[PDB]
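Engineer:
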Amino acid sequence: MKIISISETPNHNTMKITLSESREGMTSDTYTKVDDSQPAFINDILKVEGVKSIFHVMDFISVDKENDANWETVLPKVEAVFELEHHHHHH
């Protein structure tokens, strides 16, 4: 799953992540707990402090965090997660 861009939503407690590559199946689903049935990315994101719940559909992900948590900390990490494998460079 490679990020194209991350946008805001009507509910500021969750962010919208637009992907080029999506889940094996681009059907809708909801993940709240860490487990093997989730994408590696989704597990990491869940483990990120502040992240409350994740919703997947089509080719974008809605990531919702707790009221106390701030996107200043969380979002950068979430973005990194997808980059972990899809990192690009010119070394």
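Those letters in the sequence shown? Residues 15 to 105, per my numbering, in order. In this text, a Cβ means the ideal position worked out from N, Cα and C, and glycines have one as well.
(1) Nearest CA to the CA of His26: which residue from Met72, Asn81, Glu38, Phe74?
(2) Can you tell which of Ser76, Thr46, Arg37, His101 has its C-alpha closest to the C-alpha of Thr28?
(3) Taking the C-alpha atoms as reference points, what is the distance between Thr32 and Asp58?
(4) Mapping DSSP to helix, strand and coil, what is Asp82?
(5) For the alpha helix (DSSP H) that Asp43 lies in, which residues bound it at each end?
Structural biologist: In terms of the structure at hand:
(1) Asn81
(2) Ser76
(3) 18 angstroms
(4) coil
(5) Unbroken run through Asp43 is the beta strand (DSSP E), 43-45; no alpha helix (DSSP H).
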